[PDB]
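Read the structure below first, then the notes.
Cβ sites come from the backbone with ideal geometry, for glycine too, and all protein chains shown count toward neighbours. Rule-based calculations on the coordinates, nothing more; no lab input.
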């Protein structure tokens, strides 16, 4: 969450990540739309705080389970 203010998306339904490349989202979660070239698999970025260290990473998720903020 670097207040990029570019492309934000809100999750409507719950989802889980099967691979280390994907990301786990839940109904009400906010993700940073990095790549929306696809219609089924959307590439979003999330923030993971580990050991007091904020980490960034982009993963694929079901667009049908989420929506665009604007």
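Residue count for region 23-35, restricted to those that are part of a loop (DSSP other than H, G, I, E, B) and surrounded by 11 or more Cβ atoms within 10 Å (Cβ to Cβ): 6. Scanning region 51-62 for residues that are without any contact (Cβ under 8 Å) to a residue 40 or more places away in the chain and either closer than 10 Å to residue 9 by Cβ or exposed (fewer than 11 other Cβ atoms within 10 Å of the Cβ) (or both) returns 51, 52, 53, 54, 55.
Annotation note: Cβ proximity below 7 Å between a residue of region 36-50 that is farther than 15 Å from residue 62 by Cα and a residue that is assigned to a loop (DSSP other than H, G, I, E, B) (sequence gap 6+ or interchain) occurs for 47/1. Among the residues of region 39-70, the ones that are part of a loop (DSSP other than H, G, I, E, B) and out of contact with any strand residue (DSSP E or B) (no Cβ under 8 Å at 6 or more places or on another chain) come to 3 in all. Here residue 46 passes the criteria (1) in contact with a helix residue (DSSP H, G or I) (Cβ under 9 Å, 6 or more places away or on another chain); (2) surrounded by 13 or more Cβ atoms within 10 Å (Cβ to Cβ) except the one numbered (1).
Filtered by the rule that a residue be free of Cβ contacts under 8 Å to residues at least 40 places away in the same chain and farther than 14 Å from residue 43 by Cα, region 7-31 gives 16, 18, 26, 27, 28, 29. Looking at region 8-22 only, could you name the residues that are out of contact with any helix residue (DSSP H, G or I) (no Cβ under 9 Å at 6 or more places or on another chain), surrounded by 12 or more Cβ atoms within 10 Å (Cβ to Cβ) and either assigned to a loop (DSSP other than H, G, I, E, B) or on the phi > 0 side of the Ramachandran plot (or both)? Within region 8-22, 17, 22 qualify.
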